[PDB]
Amino acid sequence: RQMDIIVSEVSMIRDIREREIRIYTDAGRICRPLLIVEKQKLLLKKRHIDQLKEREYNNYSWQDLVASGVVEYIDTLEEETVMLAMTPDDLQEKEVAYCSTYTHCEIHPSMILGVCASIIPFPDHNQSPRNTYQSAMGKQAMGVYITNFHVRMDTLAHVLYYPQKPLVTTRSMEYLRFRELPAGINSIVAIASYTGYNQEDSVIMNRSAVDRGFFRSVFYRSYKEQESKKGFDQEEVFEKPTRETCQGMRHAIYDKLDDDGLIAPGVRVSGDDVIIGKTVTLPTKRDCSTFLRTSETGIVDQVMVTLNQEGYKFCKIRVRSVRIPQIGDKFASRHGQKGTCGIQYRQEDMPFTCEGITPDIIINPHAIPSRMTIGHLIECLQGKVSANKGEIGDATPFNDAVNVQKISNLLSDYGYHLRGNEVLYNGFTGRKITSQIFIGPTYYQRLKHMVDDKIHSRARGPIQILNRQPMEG
Amino acid sequence: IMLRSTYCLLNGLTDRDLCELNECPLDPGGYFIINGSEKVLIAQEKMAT
Amino acid sequence: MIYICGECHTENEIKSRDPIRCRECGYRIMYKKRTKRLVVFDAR
Amino acid sequence: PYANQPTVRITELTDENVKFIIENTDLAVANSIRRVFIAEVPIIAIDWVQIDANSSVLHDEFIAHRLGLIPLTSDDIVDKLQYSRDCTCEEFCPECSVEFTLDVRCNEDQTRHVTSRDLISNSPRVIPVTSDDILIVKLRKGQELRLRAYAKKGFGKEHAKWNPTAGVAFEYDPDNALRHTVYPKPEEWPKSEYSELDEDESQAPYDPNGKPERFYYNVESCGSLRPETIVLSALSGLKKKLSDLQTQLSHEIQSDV
Amino acid sequence: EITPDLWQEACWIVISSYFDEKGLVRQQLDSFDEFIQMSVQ
Amino acid sequence: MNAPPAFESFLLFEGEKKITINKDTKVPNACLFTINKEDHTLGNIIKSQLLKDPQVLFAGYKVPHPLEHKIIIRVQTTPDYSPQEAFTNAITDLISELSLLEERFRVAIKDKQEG
Amino acid sequence: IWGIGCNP
Amino acid sequence: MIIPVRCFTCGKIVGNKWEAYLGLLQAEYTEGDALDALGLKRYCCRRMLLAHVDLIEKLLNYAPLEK
Amino acid sequence: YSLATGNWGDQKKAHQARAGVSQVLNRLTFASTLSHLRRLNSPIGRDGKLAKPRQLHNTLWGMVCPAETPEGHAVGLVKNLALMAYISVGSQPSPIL
Amino acid sequence: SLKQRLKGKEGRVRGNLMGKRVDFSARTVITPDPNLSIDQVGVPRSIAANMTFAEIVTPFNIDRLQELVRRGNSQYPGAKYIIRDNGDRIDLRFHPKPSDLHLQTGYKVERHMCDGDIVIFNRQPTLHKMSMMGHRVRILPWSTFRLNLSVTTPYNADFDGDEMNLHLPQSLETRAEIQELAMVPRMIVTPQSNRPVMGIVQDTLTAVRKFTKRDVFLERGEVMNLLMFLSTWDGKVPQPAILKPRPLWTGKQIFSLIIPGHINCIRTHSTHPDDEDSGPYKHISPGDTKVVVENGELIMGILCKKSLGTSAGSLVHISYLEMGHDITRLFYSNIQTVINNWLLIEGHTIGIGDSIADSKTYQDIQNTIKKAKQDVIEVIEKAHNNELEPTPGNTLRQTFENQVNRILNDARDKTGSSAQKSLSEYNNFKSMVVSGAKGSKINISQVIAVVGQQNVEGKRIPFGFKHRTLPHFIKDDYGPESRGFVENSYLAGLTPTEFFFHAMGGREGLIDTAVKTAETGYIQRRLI
RNA sequence: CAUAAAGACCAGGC
Ligand SMILES: [Mg+2]
Ligand SMILES: [Zn+2]
Ligand SMILES: [Zn+2]
Ligand SMILES: [Zn+2]
C-alpha cells in the first residue's frame with residue numbers, strides 16, 4: 001500500500017483451502033484500480049477530494065492518491081479472494097445485511113465499457129445485440145479525424161463540413177475527447193409512416209436541409225508516382241508525352257499537363273485524364289502515365305514534389321471532391337438503427353407543426369418494437385428537453401437519478417406534451433393527421449458507404465489472358 | 001521508434017511546439033512509421049507460463 | 001516552374017532534371033504554385 | 001357553383017413577421033398559398049463564383065457554398081430582372097445579374113473576420129443585409145481571398161437558397177370541433193394560443209355540420225424581402241400560374257377540332 | 001470527514017484525475033519503453 | 001452521377017405540351033386532363049374548386065410517381081354539360097377569388113399602418 | 001435472454 | 001468547422017450570432033438565457049448554437065504555405 | 001521487414017508465421033483510432049466452430065468490455081479492453097525474495 | 001502443380017466451368033419504391049446507358065432503327081454498334097464515320113436498354129427458386145435499383161445497404177422463355193409448401209387492419225381521392241352505407257372494390273375468442289371478427305395477416321387459384337397503393353406513451369416478483385436442510401434447478417399477462433402485434449414488465465469464478481438475483497450486475513447465427 | 001482505339 005519495498009503491480013493471492021500463497025511479479029497481466037474499505041467505512045475521505053479539484057496549482061494527483069493507501073490495483077486472480085461493494089451509498093449501510101465484510105469498492109460501475117461503447121446514450125435500456133451493432137459502427141462514421149488533416153497526404157480520407165457535439169452526452173465522453181472532434185449532427189427526427197418510401201429500414205430526409213449543408217462532406221484521395229532507372233538504357237522521367245515521340249497515346253486529354261509533367265493545383269479533372277506525365281525510353285519512348293478512376297470530376301488540391309530515400313524525384317497529388325447526400329447513401333443512429341435514404345422531399349412537402357418545424361429525417365415506426373431500441377426514444381425526449389432548457393443532457397448509464405417521469409415533468413413545463421407527441425399537419429393537402437407523431441431531436445451519423453462507390457455495369461469489356469473470361473472487380 | 005515515447009522527438013512538449021512542427025496536440029501516439037505508413041502492434045493473447 | 005519551399009516558404013524556380021533543394025534553409029519538400037486558368041463554380 | 005369572399009384581419013405587423021387571419025375560404029387555398037410563401041416567390045441570390053486567389057483554411061467551394069446563402073436585398077427590383085433563360089443576350093448582362101467583388105488581405109497579427117460587409121456590389125439597391133455581420137471565413141497573418149460573385153434570379157424550387165422565408169406557421173381549428181385529430185387522453189394536451197375554451201375544459205363539443213374555416217398564419221422573414229410583400233407576390237404568382245393554364249388550355253380546346 | 005451522498009462528484013473527480021495523469025495509450029508507450037530501456041541490454 | 005438538375009420540374013421541354021385531352025371510354029361524359037410540369041399546389045386547388053359545382057359527379061387528381069413531374073385530373077359531369085367547361089369555369093372562379101383576396105390584403109396592410 | 005425454453 | 005449560416009430546418013440566419021453568444025456567456029449568463037437574448041425561440045435554432053463545435057480556431061494554429 | 005508486412009518471422013520462412021500482427025492504423029474517425037490502439041487478439045483459428053472460446057466470460061468484468069466485438073466469423077475472438085484496464089509491464093523479483 | 005490447378009473451390013471445374021464471370025450484368029443498391037408494380041423494377045439511367053440489346057433489322061422497324069442510329073452515345077436512346085451480315089462490327093461511339101450509317105434487312109443494331117425489357121434479378125445467397133425472378137424494366141432518374149415492397153419476402157431483402165444483381169437476356173428465345181416461364185407474377189405460390197410466398201407485409205398491413213373496422217367512415221372527398229388510385233375500377237361510384245344525415249362510406253365498402261372477380265372466403269382474425277363460436281352471436285360477432293368475403297365483397301370482419309399474408313387458404317391464394325396471375329398482380333398493387341394513400345390521412349407512430357403502464361399495474365408486478373423471490377428462498381432453504389427428494393430421471397442438482405426454473409418461468413408469464421391486459425385501444429405496440437406486420441407478445445412483456453432470465457449453454461448463468469458469478473456476491477449463492485433473473489424492464493433500466501448477464505445471453509445468441517450458416521450452406525450443396 | 005501482370009496477407013459490407 002504505502003510503497004516501501006514492493007512496486008504496485010504485483011499480485012498476492014492466498015487461497016485458504018488450498019494452503020498456499022502465490023505472488024506474481026510477471027509481465028503481461030491485466031488489472032484495474034479499486035477503493036479500499038476498512039472495518040466498514042471507506043478510506044477515501046473528503047480531505048482527499050477537496051485537494052484533488054485543485055490539480056493545476058497544488059501538485060496533488062493520482063500518484064499521491066495511490067501512495068496514500070486509498071486506491072489499489074487489483075488483477076483477475078486476486079479478484080477471486082475479494083469482496084466488492086458495487087456502490088458505497090447503498091451497500092455499506094446498516095440494513096438487512098447481505099454481506100458485512102467488504103474489502104474493496106468500485107469507483108463507478110460504468111467504467112466496464114470500452115471506447116466505442118461509451119458513446120452510446122443509455123446503454124442499460126437497449127437490447128445488447130444493438131449495443132454490439134453500434135460498437136462496430138461508430139468506427140465508420142464520417143467526421144473530423146485529426147486537426148492537421150491539411151498537411152497529411154493520406155489515401156481516402158473523408159471529412160464532414162459542419163459537425164456538432166451531441167445534446168445527450170455520457171459523462172465519459174469528456175475523457176476520450178468527443179466534443180473536440182465529433183462525427184454527426186443533431187437532427188430533428190420524426191418516427192412516423194408517411195409515404196411508403198421509408199419501409200424496411202429507410203429514411204425520408206429533408207431536401208431543403210441538404211441544400212443548406214446537412215450531412216455534406218469532402219473526399220480526398222492521393223496518388224504516388226516515382227521516377228526510376230531500371231536498366232542501362234532504360235530510364236523514367238517526368239515529361240509531357242507528345243504524339244510522334246511517345247508511342248501509346250490514347251483518348252486521354254494530355255493538354256492539362258504543365259511543363260514539369262505535373263498538373264498544377266486548381267484545375268478540375270474529369271474521368272480518364274492524365275494527372276502525372278511520366279515516360280520511359282524504349283530499348284523512341286513509351287509512356288507509363290497514370291490516369292484517374294472512372295467518373296469522379298474532382299479538383300486537384302495540392303501537389304508535393306520531393307526526393308525519396310534513394311534520391312529520385314517523387315510526387316504526390318491529392319484530389320478532392322464534394323459529396324452531397326442522395327438517395328442511396330447510408331445513415332445510422334447511435335442505437336444500431338442503420339438504414340439508407342429512401343427519397344428526398346422539399347420543405348413545402350414535409351409534415352409541419354403549428355409553428356412550421358418540418359422534420360429533417362422521417363423514420364419508420366416498425367424499426368422500434370421487434371428490436372427494442374428504447375434508448376433511442378429516451379434520447380429523443382431528453383434531447384427535446386435539452387434544446388429548450390439550454391443545458392446538455394446527461395445519459396451516463398447507471399444513474400438511478402434520471403427517470404422518464406423526471407424528464408417528462410421537465411418537458412411538461414416548456415409548453416409541450418409530456419410524452420413527446422405533437423400534432424403534425426399534412427404537407428400535400430394541409431389537413432391535420434389523426435394520430436399524434438413522436439417528434440424530437442436525435443444525433444444521427446453519416447456512414448462511409450455511398451452509392452457512387454458501389455454502382456457497376458458491364459457490356460463487353462476486357463478479358464483475362466489465361467482462360468479468356470471477363471475480369472475481376 | 002514508437003511515437004510520443006521517451007526516445008522520440010516529440011516527448012514532453014507543449015501545444016505551440018507541437019503545432020509549430022505540424023503535429024496534432026490530441027493524436028495519442030503509440031504507433032510506428034515504416035516506409036510512410038503507420039503500423040500498430042496488436043497485443044496477442046497467450047496462456048500463462 | 002516556380003515552387004514554394006516547405007519550411008521557410010520562399011519561392012524558388014526548380015528547373016527540370018535537377019535535384020530538389022531550397023536556398024538558405026536546406027530543405028527538400030517543394031509545393032507547386034497554384035494554377036492561373038480560372039474555374040467557375042456554382043453556389044448550388 | 002362560384003367563389004366565396006374571404007376576409008383578412010391583420011393581428012400584428014413588424015419588419016420580421018406578419019400575423020394575419022383569413023376568414024371564409026377553403027383548406028386547399030390556404031394550403032396552396034402556404035406553399036407559395038415557401039417555394040414560388042422570386043428573389044436574388046448568388047449563383048456564380050470565380051475564385052482568383054484562395055489561401056484560406058476552408059477550401060474553394062466551401063466558401064462558394066457560404067456565399068450563396070447570404071440574403072440580398074430584393075425589394076423593388078426583382079420584378080424588373082429577367083430570368084437568365086428568358087434574356088436573349090450573351091452569357092451575362094446587367095439586366096439579369098448583379099456583379100459583386102470581395103478582396104481581403106490579412107497583414108496584422110490579430111485574426112481578421114471576413115464578414116458580409118466586405119461584399120462590394122455595383123448597384124446600391126441589391127446589397128447584403130447591413131445598414132449583424134454574417135461571417136464567411138476567419139483568416140491568419142499571411143492568407144488572402146479574392147473573388148467575383150454574380151447574383152441571378154430564381155425561386156425556391158430550384159435551390160433553397162432562394163426561399164424568402166423562415167418558418168411559415170399555419171393552423172386552423174384550435175379546439176376539435178371537427179375532430180380531425182383525435183386525442184387519446186385530452187387532459188394532457190396544452191391548449192393552443194388561439195383557443196377560446198374555459199380554464200377547465202379540453203375540447204369544443206363536436207358538430208357534424210362543420211367545415212375548416214378561419215385559418216391562422218404567421219409569416220417570418222430572413223432579411224431580404226419585407227414580411228408583407230412575400231404575401232402579395234405569392235398571391236400574384238399563383239394567379240399568374242392559373243392564368244397561364246387558362247391561356248394554353250383555352251388554346252387547346254380552341255384548337256381541338 | 002466522511003463523504004455522505006455527495007458521491008456523484010467524488011467518483012467522477014477521481015476518474016478525472018486518473019485520466020488526466022495516464023491517458024488512453026499508456027499500455028503501448030510503457031511496454032515499448034520497458035523494451036528499449038532494459039531488454040536490449 | 002445520375003442526379004438530374006432542378007429545372008426538370010418546372011421548365012417545359014422542347015416538344016412536350018402543357019395539357020392534353022383524351023376522352024375516357026368507361027363512362028360517357030368523362031374526361032382526363034394530363035398536366036406536365038406541375039405538382040400538388042395547383043391540382044389540389046382545381047380539385048377542391050370542382051367539388052363546389054352542382055353538375056360535377058367525379059373530380060380527382062394524382063401524381064403517378066413523385067420523381068417525375070406531372071399531374072393527372074379526372075372529371076365526370078352530368079349530361080348536357082361538358083367536363084372541360086367545368087374545368088375552365090373552375091379556373092376563372094379561382095382567378096376572381098385570388099384577385100379579391102389580393103385587393104383586400106393590400107387595403108388591410110395599408111390600414112394596419114398609420115394606426 | 002428471455003428464459004429456458006425461449007431464446008437466450 | 002465554422003458556424004453554419006442559415007439553419008437547416010427553418011432558414012433563420014444563425015451565422016451572425018456566434019460572437020455575440022460568446023460575449024454573453026463570458027459575462028454572467030446561462031446558456032438558455034444567452035440563447036433567449038438573441039431571438040432564438042424554437043429548438044431547431046437552439047441546437048445550432050447550443051451544440052456548435054468551433055474548429056476554425058484550431059485550424060488557425062498552423063503557419064500558411066506562403067508567409 | 002517484419003513490421004512492414006505483418007508476417008512475424010523471417011522472409012525465407014514466410015508461410016510458417018503468425019500473421020496479423022503489426023497492421024495499418026485506422027483513420028476514419030478519432031474513436032476508430034483510439035479503439036485500434038487498444039485492441040486484444042486471441043490466436044485461435046477463425047474457421048473452427050467450438051463456441052466455448054467465443055462466449056463472454058465472468059472474468060471479463062471490468063477489464064475487457066462486453067459489447068464491442070466484430071460481426072462475421074471473428075465474433076468473440078477479437079476483444080477491445082476497458083477504460084481503466086492497465087495491462088502490466090513487469091518487474092524483477094529480486095527484492096521480494 | 002497440375003493437381004492444385006485442377007483442384008476444388010476456384011479451380012478449373014468448380015471455378016471456370018460451372019460458375020464463371022459473365023457479362024451484361026449490373027449491380028447496385030436497392031431502395032423502396034411503392035409506386036411500382038410487382039412485375040417491374042426501376043433501373044437508373046447510367047446503367048441503362050451502358051448495357052445493350054442486339055436487335056435485328058426487319059422491314060417492320062427500319063424507321064425507328066434509323067432514328068436509333070442517327071442519335072447514338074450522345075443522346076441516350078440510341079445505339080453503339082451496327083453489325084453486318086459479314087459479321088463486321090462498326091461502332092457509333094468514337095469516329096462514327098457518318099457516310100456509313102445505312103441499314104438493311106439482315107443487319108442488326110445494338111440498341112440501348114429501354115422501358116419494358118425483360119431482365120433477371122438476383123440476391124445472393126440464392127437459397128431456392130423464388131430468389132431469381134424475371135422483372136420488367138422502367139427507367140428512373142437517381143442512382144439505385146428500385147423494387148416493390150411485397151417482393152422483399154422472396155429475396156429475403158431489406159433496404160439497409162443491400163446490393164442485387166441483374167442479368168440481361170440477349171437472344172430472343174431466351175427472352176421468350178424467361179417471359180413464359182419465370183416472371184414474378186407466375187411465381188406467387190410455391191411448390192415447396194403449396195402456399196404463396198408474397199404477402200402484404202409492412203406499414204400497409206397495419207393500415208389494412210385499421211382501414212377495415214366499423215369505425216372507419218369515409219367522406220365524399222377521400223372516396224374520390226382513393227378511387228383515383230384503382231387501375232381495376234369500374235367507373236361507377238358505389239352508393240354509400242349511410243345516406244342521411246350526410247353521405248358516408250365505410251372501409252369495407254371501399255376495400256370490396258379491390259377484391260377481384262367473384263371469390264369466396266371465410267377466415268378469422270387474431271383476437272377471435274375461443275368461446276364465441278359455440279353459443280349465440282356466432283354469425284354477428286360483436287368484436288367484428290370472422291372475415292366473410294362473399295361473392296367478391298367483404299361483408300364483415302377485420303383483416304390482418306391471417307387473411308392477406310402468407311398462409312394457405314388466404315385471400316391472395318384463393319384469388320390466385322380462381323382468377324389467375326395477371327389479376328393477382330393487380331390485386332397486390334391496388335391494395336398497397338390505396339392503403340398507403342389513406343395511411344397518410346390516418347398516420348401512425350410509436351412514442352413512449354405507447355410503452356408505459358399505469359400506477360396499479362406496476363404495483364402487482366412487484367407483488368408477483370416478491371412472491372417469486374420468497375418462494376425461491378423457501379425452496380433453497382428446503383434443499384439445504386437435506387429434505388429435497390429427487391425425481392425419476394434426475395439428480396439432486398437437476399431436480400433443484402428444474403423446479404427453480406419452474407417457479408421463475410411461471411412468474412414472468414404472469415407479469416406478461418399483467419402487461420398485456422393493461423394496454424389500450426389507441427396503443428401502437430398493440431396495433432403492430434395484432435396486425436402481424438412486426439412484433440411479438442414477448443417484446444411487449446420485455447419492454448414493459450420483465451426482461452426475463454438469461455442462460456448460456458442451455459442452463460442458468462454458471463459459476464465463472466470459484467463459487468461465485470461476479471465478485472460482488474457471496475460464495476455458493478443460488479438465488480434469482482445471483483444467477484441472471486433480470487427483474488427490471490427495458491424502460492426502468494438495468495443494474496450493472498444484470499446488464500453484464502444480458503450481454504452474455506445476447507452474445508450466445510449472436511455466436512449461433514454467426515456459426516450456423518456454414519453448416520447449413522454445406523448440407524444444401526451436398527444434397528443438390 | 002489500345003494497354004493497364006500475377007500472387008500472398010489484412011481490415012470491412014449484406
Ligand atoms: Mg439487411
Ligand atoms: Zn526553403
Ligand atoms: Zn445577361
Ligand atoms: Zn430552426
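- Its PDB record attributes the structure to cryo-EM, giving the resolution as 3.6 Å.

**What about the overall build of chain I?**
Argument step 1. Counting secondary structure elements, chain I contains one helix and three strands.
Argument step 2. Scanning chain I from its N terminus toward the C terminus, one meets helices and strands in the order β-α-β-β.
Argument step 3. Summarising its shape, the C-alpha atoms of chain I cover approximately 40 × 40 × 35 Å along the three principal directions.
Argument step 4. Buried residues in chain I amount to 52% of all 97 residues.
Argument step 5. Considering only residue pairs separated by 6 or more positions, chain I has 32% of its internal contacts joining residues 24 or more positions apart.
Argument step 6. For chain I, the accessible surface area stands at approximately 4500 Å², while carbon and sulfur atoms represent 55% of it.
Argument step 7. A distance of 5 Å separates the average location of the 11 positive side-chain charges in chain I from that of its 4 negative side-chain charges.

**Examining the sheet that holds strand β2 (residues 41-43) of chain J**
All names here are of chain J.
Argument step 1. Spatial ordering of the open sheet is given by β7-β10-β1-β9-β2-β8, a layout of six strands whose pairing is mixed. Here the strands that pair on one side only, and so sit at the sheet edges, are β7 (120-122) and β8 (137-139). Each strand of the sheet is rotated relative to its neighbour by a mean of 35°, with strand direction disregarded.
Argument step 2. Where β2 meets β8, three bridges bridge the pair, whose relative direction is parallel. In the sheet register, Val43 faces β8, and the bridge partner there is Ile139.

**Focus on the packing of aromatic side chains**
Argument step 1. Per the counting criterion, the structure on display carries 44 aromatic pairs over all chains.
Argument step 2. A centroid spacing of 5.2 Å and a plane angle of 75° characterise the contact between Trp62(A) and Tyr18(E), whose relative ring orientation is edge-to-face. Separated into two different chains, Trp62(A) in helix α1 (residues 62-66) and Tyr18(E) in helix α1 (residues 7-21) make up a pair that spans both.
Argument step 3. Ring centres of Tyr194(A) and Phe428(A) lie 5.9 Å apart, and the angle between their planes is 25°; on these two criteria the pair is classed as stacked. The pair formed by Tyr194(A) and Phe428(A) is uniform in burial state, with each residue classed as buried.
Argument step 4. Through successive ring pairs, a cluster of aromatic residues spans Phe352(A), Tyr425(A), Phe20(D), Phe37(D), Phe170(D), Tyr172(D), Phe215(D), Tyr217(D) and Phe105(F).

**A word on the UniProt feature "binding site: Zn(2+) 1" (unreviewed entry) in chain D**
Argument step 1. Sequence positions flagged by UniProt for "binding site: Zn(2+) 1" (unreviewed entry) are, in local numbering, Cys87(D), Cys89(D), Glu90(D), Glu91(D), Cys93(D), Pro94(D) and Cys96(D).
Argument step 2. Here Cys93(D) lies in the loop between α2 (60-66) and β4 (100-105).

**What about the domain arrangement of chain D?**
Residue and element names in this part refer to chain D.
Argument step 1. When cut into domains, chain D gives domain 1 (1-42 + 161-257) and domain 2 (43-160).
Argument step 2. Computed from C-alpha coordinates alone, the two centres of domain 1 and domain 2 are separated by 34 Å.
Argument step 3. Residue-level contacts link 13 residues of domain 1 with 24 residues of domain 2.
Argument step 4. Both sides together, the interface formed by domain 1 and domain 2 hides about 1500 Å², and carbon and sulfur atoms give 64% of it.
Argument step 5. By the criterion of area lost to domain 2, the three top residues of domain 1 are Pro42, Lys161 and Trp162, representing 58% of everything that side buries.
Argument step 6. Inspection of the region where domain 1 meets domain 2 yields one salt bridge.
Argument step 7. Summed over the shared surface of domain 1 and domain 2, the result is five residue pairs in polar contact.

**Quick word on the coordination of the zinc ion (ligand 2)**
The textbook angles at a metal center are 109.5 degrees for a tetrahedron of four donors and 90 or 180 degrees for an octahedron of six.
Residues and elements named next belong to chain C.
Argument step 1. Distances from the zinc ion (ligand 2) to its protein donors, namely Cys5 (SG), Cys8 (SG), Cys22 (SG) and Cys25 (SG), fall within the range 2.4 to 2.5 Å.
Argument step 2. Coordination at the zinc ion (ligand 2) is tetrahedral: its four donor atoms span angles of 97 to 125° at the metal.
Argument step 3. Written as a sequence motif, the donor residues of the zinc ion (ligand 2) are C-x2-C-x13-C-x2-C. Here the residue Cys8 occupies a position in the loop between β1 (2-5) and β2 (11-13), and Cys22 occupies one in the loop between β2 and β3 (29-32), the gap between them amounting to 14 residues.
Argument step 4. Its relative accessible area of 8% is what places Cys22 among the buried residues.

**Re the protein's contact with RNA strand K**
Argument step 1. The local shell around RNA strand K holds 15 residues, among which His251(A), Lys338(A), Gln23(I), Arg123(J) and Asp162(J) are the closest.
Argument step 2. Within 4 Å of the protein, atoms of RNA strand K come from sugar and phosphate in 70% of cases.
Argument step 3. Contact distances for RNA strand K include 3.3 Å between a sugar or linking oxygen and a side-chain N or O atom of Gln23(I).
Argument step 4. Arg123(J) places a polar side-chain atom, nitrogen or oxygen, 2.9 Å from a sugar or linking oxygen of RNA strand K.

**So, the sheet that holds strand β6 (residues 108-112) of chain J**
All names here are of chain J.
Argument step 1. The four strands are arranged β3-β6-β4-β5 in an open sheet whose pairing can be described as antiparallel. Among the strands making up the open sheet, the edge pair consists of β3 (52-56) and β5 (89-91). Strand after strand, the sheet turns through a mean of 25° between neighbouring axes, direction not considered.
Argument step 2. Strand contacts of helix α3 (residues 62-70): β3, β4 (79-83) and β6, with the helix running at about 65° to β6, the strand carrying the most contacts.

**Overview of the packing of helix α1 (residues 27-36) of chain D against helix α1 (residues 40-50) of chain F**
Argument step 1. Relative orientation of the contacting elements α1(D) and α1(F) amounts to 165°, with a least axis distance of 9 Å. With respect to each other, α1(D) and α1(F) are oriented roughly antiparallel. In terms of crossing hand, the pair formed by α1(D) and α1(F) is left-handed. On α1(F), the residues touching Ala28(D), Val29(D), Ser32(D), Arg35(D) and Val36(D) of α1(D) are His40(F), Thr41(F), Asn44(F), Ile45(F) and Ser48(F).

So, how was this worked out
Residues numbered from 1 in each chain as written, not as in the entry; some residues may be left out. Chains lettered and ligands numbered in written order. Part of a larger assembly, values for the part shown. Heavy atoms only, no water. Helix = DSSP H or I, 4+ residues; strand = E, 2+ residues; numbered from the N terminus. Buried < 20%, exposed > 50% of the residue type's maximum accessible area, 1.4 Å probe, protein only. Contact = heavy atoms within 4.5 Å. Areas by Shrake-Rupley, 256 points an atom, 1.4 Å probe, with all protein chains shown as cover. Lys, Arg positive; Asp, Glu negative; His and termini not counted. Charge placed at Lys NZ, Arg CZ, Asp CG, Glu CD. Pairing = 2+ DSSP bridges. Axes fitted to C-alpha atoms, helices over the stretch in contact; angles between N-to-C directions. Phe/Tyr/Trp six-rings, centres within 6.5 Å; stacked < 30°, edge-to-face > 60°. UniProt positions renumbered as here; feature names shortened; annotations may be inferred. Domains from an automatic or database assignment. Buried area = accessible area lost by both parts, 1.4 Å probe. Salt bridge = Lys/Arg side-chain N within 4 Å of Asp/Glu carboxyl O. Polar contact = N/O pair within 3.5 Å; in protein donor to acceptor, adjacent residues only side chain to side chain. Donors = N, O, S within 2.8 Å, 3.2 Å for Na, K, Ca; no water. Tetrahedral: all angles 85-135°; square planar, octahedral: opposite > 155°, others 65-115°. Near = heavy atom within 4 Å. Parallel < 35°, antiparallel > 145°, perpendicular 65-115°, else oblique. Left-handed = near helix turned anticlockwise from the far one by under 90°.

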